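Only one chain is shown below, in structure tokens, and it's the form solved without this ligand.
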């Protein structure tokens, strides 16, 4: 089947936004495509990290992924640093990307108007991200609009290597999520929901306890028109909710609209709060099981093991081409 590569930043907290937005679709797609979910712990190292925290967020995230329903028999789920071929392909690639490309990388604005105290890893992580992808011949990479630009580079590098040394890499393609379900903030209906929002009430975490979920939805921003009707502009808040509610409950917006035909936001919120709680419960359970179970490690081991197998071979062929070793 085709292959799909997904790099997951280790952050131990994914919003109901990631879930609706992409996570969910994978639980299904994982039986059709060949999927690799790499906990890129080497990329997370370019910025300060607290050793313990990082070590912890890598478990939390793997645990989570399995809970949501990723099938370790069906797909490969590994930590990035446990497959050395990654760091090796990173260097080989660092050698064919010209320095200009990295600087003209629309993200290096982190230069801080002359801060100059940035970790070189910050200017150099693209070659590594290119490695990550090219190593498994991935055909598709599910990236957001914000990323596209990086997938552009790896497309380039790949083509550059392929031409200089011979067809070896598959030129990937940046695919997006199923469109329509763009989950906005709870406190600001125009802003996208993200872990990185400074207001905790703008997002709900898969591990938010009932009470928290209830409190946050209650605070969700609405309008004063008081009618449950979909309106991208004019009625943003209500429309965001309607999307969340729908995607999770499985009802159409129209259905939800009519069903709340003569009611107001008070009851609507209370009903939504519940369908959310009802949707996370099994996840928070399974997650906790996964976290304390020794089975996690085993799944991570057989994951690396499955990854490494492919990587090793890819690296081996690269060295052959480049002309390294023996």
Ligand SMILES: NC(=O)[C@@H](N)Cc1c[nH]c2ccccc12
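Numbering follows the first chain given and starts at 1.
Stretch comparison (87-95 versus 124-132) by mean CA B-factor in the PDB entry places 124-132 on top. Between 224-232 and 203-211, the higher mean Cα B-factor belongs to 224-232. Of the candidates 156, 101, 139, 145, the one whose C-alpha carries the top B factor in the deposited record is 145. Annotation for 193, 171, 253, 77: 253 ranks highest, by Cα B-factor.
Sort the modelled residues of the chain by CA B factor and residue 161 lands in the lowest third. The PDB entry assigns residue 28 a C-alpha temperature factor belonging to the highest third of its chain's modelled residues. The PDB entry assigns residue 13 a C-alpha temperature factor belonging to the highest third of its chain's modelled residues. Sorting the modelled residues of the chain by their CA temperature factor places residue 187 in the lowest third. When the CA B factors of the chain's modelled residues are split into thirds, the value for residue 242 lands in the lowest one.
Beyond the structure shown, there is the form deposited with this ligand bound, which is absent from this document and is the topic of what follows.
Shown without its partner, this chain lists 59, 286, 43, 269 as candidates; in the deposited bound form, only 43 has a non-hydrogen atom within 4.5 angstroms of this ligand. Contact with this ligand in the deposited bound form, defined as a heavy atom within 4.5 Å, holds for exactly one of 146, 110, 152, 71, namely 146. Only one listed stretch (132-140, 211-219, 164-172, 250-258) carries heavy atoms within 4.5 Å of this ligand in the deposited bound form, and that stretch is 132-140.
Contact annotation: residue 78 falls outside 4.5 Å of this ligand in the deposited bound form, judged by heavy atom distances. Interface membership of residue 9, defined by any non-hydrogen atom within 4.5 Å of this ligand in the deposited bound form, is confirmed. Cα of residue 11 to Cα of residue 45: at least 3 Å shorter in the deposited bound form than in the shown structure. Shown here is a form in which the CA atoms of residue 11 and residue 121 lie at least 3 Å farther apart than they do in the deposited bound form.
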